[PDB]
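The chains referred to below are lettered A, B, ... by the order of the sequence lines, with proteins before strands, and numbering in each begins at 1. In listed order, ligands and their atoms are each counted from 1.
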There are 2 protein chains.
Amino acid sequence: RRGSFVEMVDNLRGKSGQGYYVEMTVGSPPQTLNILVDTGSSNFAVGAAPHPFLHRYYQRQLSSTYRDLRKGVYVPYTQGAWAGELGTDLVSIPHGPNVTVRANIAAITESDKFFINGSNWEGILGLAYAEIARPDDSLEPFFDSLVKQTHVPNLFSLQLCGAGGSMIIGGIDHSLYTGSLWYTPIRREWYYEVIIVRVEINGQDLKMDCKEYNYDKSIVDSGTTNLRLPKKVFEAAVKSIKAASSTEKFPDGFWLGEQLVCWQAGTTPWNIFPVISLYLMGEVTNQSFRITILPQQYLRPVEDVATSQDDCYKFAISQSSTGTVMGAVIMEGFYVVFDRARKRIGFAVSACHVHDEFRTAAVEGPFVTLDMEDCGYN
Amino acid sequence: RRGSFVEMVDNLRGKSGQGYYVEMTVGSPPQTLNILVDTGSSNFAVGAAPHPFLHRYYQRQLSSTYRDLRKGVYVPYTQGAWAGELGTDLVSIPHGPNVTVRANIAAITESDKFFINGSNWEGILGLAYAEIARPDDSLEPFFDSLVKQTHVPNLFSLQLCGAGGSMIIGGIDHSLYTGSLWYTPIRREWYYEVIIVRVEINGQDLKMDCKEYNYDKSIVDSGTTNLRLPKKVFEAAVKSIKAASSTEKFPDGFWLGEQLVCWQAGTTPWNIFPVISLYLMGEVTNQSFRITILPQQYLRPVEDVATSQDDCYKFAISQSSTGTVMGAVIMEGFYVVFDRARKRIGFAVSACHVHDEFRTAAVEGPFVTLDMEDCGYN
Ligand SMILES: CCCC[C@H](N)[C@H](Cc1ccsc1)NC(=O)c1cc(NC[C@H]2C[C@@H]2C)nc(N(C)S(C)(=O)=O)c1
Ligand SMILES: CCCC[C@H](N)[C@H](Cc1ccsc1)NC(=O)c1cc(NC[C@H]2C[C@@H]2C)nc(N(C)S(C)(=O)=O)c1
């Protein structure tokens, strides 16, 4: 019992619906806040004024090391947006690397549908690249500052445990996964973009041109709840899923995420729902691998109706007009390694993923897939 | 409710008999250890090999940032000694300042009567000056490294709570004391040396030449349990204390610290013991102030004989042949500010000191004391 990165294990709290967060200490004297881990954006920002949904916030006048950049910043997401003021300050991650850096920080002064009631986080850590940072790519993202200012290796890994988790910074911890790690190339450094080459529902190929799977783009986003799919792919996926779970019928609104379906405590018939496999481009020509998720991943729990014996679920696969988004529900079945140094993302079966005695999430390979380059949108 | 240094409040654990300690994280990846706060020495050192009394230790091969200085180091104390190897590594204090520095660190490989069974600490943080560091004054002490490498103000304060406490680094927290802070000059920067100019037992002057009080030297040491006094002063003090507590008699060994005396749970007659006042040189010519401690300070508790209703106490004033040592039992009644920047030490009544409904520890002034300069040993 030891593990070199042991102190970083279990440093995350939260859920797929409201977000996973890590503690970060900013300023001097110390001001610790809960920050959302978001690989789908690139700005580090913290609530800096009272808000109905915030238990605490960043108080710049109390930080002797805060430096005002005299520049406003506005960041819109798929869900919500906020306005703030830019500056820099000292930042450390108590349960992360043993270093302290001066990073850019956006003080959130106003917001619309950004903070989530009961989520317990007051800020957001955009872990993606400079290309998508606001106001522009000149605002160095936090991780870039970390790598340039310290000896911390240019890599971090995430293990999101559904119904906390771990964010290993600078390395990987072997106790967080089983089996082998399979890597897919980071196609371009802006979002953590990847390429999906095949999709199966219970082993059955969806039979869509792979270009549709990445139409526009496909990204790995810890800061988005669902597995979002382009319109045409969503429709085909839902039709196949319905056909594979015909043992029981559900309203159309369920598949659209507008209706919830509940079962008596501990009675959900996981067996009636199919597994979904996403094949990703590998690191060798014409070679791919696949990650398989269970209904325990794409059917997410929602607070009991009346604190009784009722497990309510929302279909966590939804439509998108901006490409595929492999969100938290997808990541919850695996240990995901964001190997920025080698421009690749690794996947391995998570040591904490939710499963049963009949099926488990899986990462298998290799498979033979030709013309994978053509799958990408230009 | 806020307090700028609020995150540092309550960052200490421990007791006067075994020591007060703070968490410190060393190396990369993070290795957190419990470290003894010692203002009576100047070396930062941590157990680096298994030991019967250690729950954990520093593993250098696991730290990528460790740098070997290829130099041995030996440090003897009044109580115990250890041998080790010098090097440097990254060091942060989780509940201290929001910075990380590269400091000298001694890896303890062998020791004799140093570590204390059940103390829960695995290292020691020497907070005194370079002059008394080992091997010599060229080995920069931790706090000096902190001040030179960061913007942290050159000052720290201690509130030791007897039967944890707080170590505020870079400032003072007003919630830790009541009344005013009175300062005494740091005579010379090696140990935290001060000058005692008068001593009273229940308001009665001990009537000894003040040179005897600082014969050799007088220091403030958070890493020593008792109030240690030069032989002649100890003898006079004990004689006066005995006379002032004549309502009940105790064996000679008690006053020598060789015998313990116990009372039924919650029955100790604190009222029969006198208060002790130490007058310290002030910051203005011919002006002094005094700190007064209660028997609750100089009579320290010792683990119940058989986990029952018996409060056992050991007389915490003892003899010394190396000058006066104002140890933890003395500090426990006050908030002590080690103002290195202004070469002075402040004292204020602690918001946590142990007292009763009849008496309280006190810090009062000013008083008129002539020829205080002559009190110091040359
Ligand atoms: C331009 C793209 C921005 C992508 C960033 N990842 C941004 C970060 C953010 C903003 C507000 S909370 C988190 N995320 C979202 O916009 C975002 C957050 C969440 N659900 C809340 C997420 C915390 C839990 C993981 N859900 C969605 N969906 C559309 S969903 C229901 O999953 O189909 C989108
Ligand atoms: C050359 C002077 C060195 C002074 C350093 N402060 C050094 C640090 C240290 C070493 C081993 S444990 C702590 N302290 C001691 O030598 C030391 C530690 C403790 N008791 C244990 C102390 C932790 C509790 C406060 N007691 C004493 N006394 C003689 S006593 C019973 O109070 O009369 C001395």
| note | Closest heavy-atom approach to atom 16 (O) of ligand 2 among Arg228(B), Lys15(B), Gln79(B) is made by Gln79(B)
Could you find the nearest protein heavy atom to [atom] and give me its residue, atom name and distance?
atom: atom 2 (C) of ligand 2; value: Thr78(B) OG1, 3.2 Å
atom: atom 22 (C) of ligand 2; value: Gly223(B) O, 3.5 Å
atom: atom 5 (C) of ligand 2; value: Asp38(B) OD2, 3.4 Å
atom: atom 4 (C) of ligand 2; value: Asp221(B) OD2, 3.4 Å

Report yes or no: does [X] contribute a side-chain atom to a donor-acceptor pair with the main-chain N or O of [Y] at less than 3.5 Å?
X: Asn11(B); Y: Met167(B); answer: yes
X: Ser222(B); Y: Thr39(B); answer: yes
X: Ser119(A); Y: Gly19(A); answer: no

What part of [X] sits under 4.0 Å from ligand 2 if we count only heavy atoms: the side chain, the backbone, both or neither?
X: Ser222(B); answer: backbone
X: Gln18(B); answer: backbone
X: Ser318(B); answer: side chain
X: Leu36(B); answer: side chain

Determine whether the side chains of [X] and [Y] contain a donor N or O and an acceptor N or O closer than 3.5 Å.
X: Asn120(A); Y: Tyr21(A); value: yes
X: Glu193(A); Y: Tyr377(A); value: no
X: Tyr213(A); Y: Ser218(A); value: no

| message | Tell me whether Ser320(B) reaches ligand 2 (any heavy atom closer than 4.0 angstrom to a ligand atom). | response |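 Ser320(B): no contact with ligand 2 (<4.0 Å).
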| query | Quick one: does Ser16(B) get within less than 4.0 Å of ligand 2, heavy atoms only? | reply |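 Yes.
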| query | Any non-hydrogen atom of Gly257(A) lying under 4.0 Å from ligand 1? | reply |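 No.
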Between [X] and ligand 2, does any nitrogen or oxygen pair lie at a separation below 3.5 Å?
X: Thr225(B); answer: yes
X: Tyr77(B); answer: no
X: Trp121(B); answer: no
X: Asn226(B); answer: yes

| Which class fits the ring pair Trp121(A) and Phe114(A): parallel under 30°, tilted 30 to 60°, perpendicular over 60°? | perpendicular
| task | Name the orientation class of the two ring planes belonging to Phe315(B) and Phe254(B) (parallel below 30°, tilted from 30 to 60°, perpendicular beyond 60°). | result |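 It falls in the tilted class, 30° to 60°.
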| Would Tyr192(A) and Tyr129(A) count as a close aromatic pair, with their ring centres under 6.0 Å? | yes
| message | Can you confirm whether more than 12 heavy atoms, excluding those of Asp252(A), are under 6.0 Å from its CG atom? | response |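 Open.
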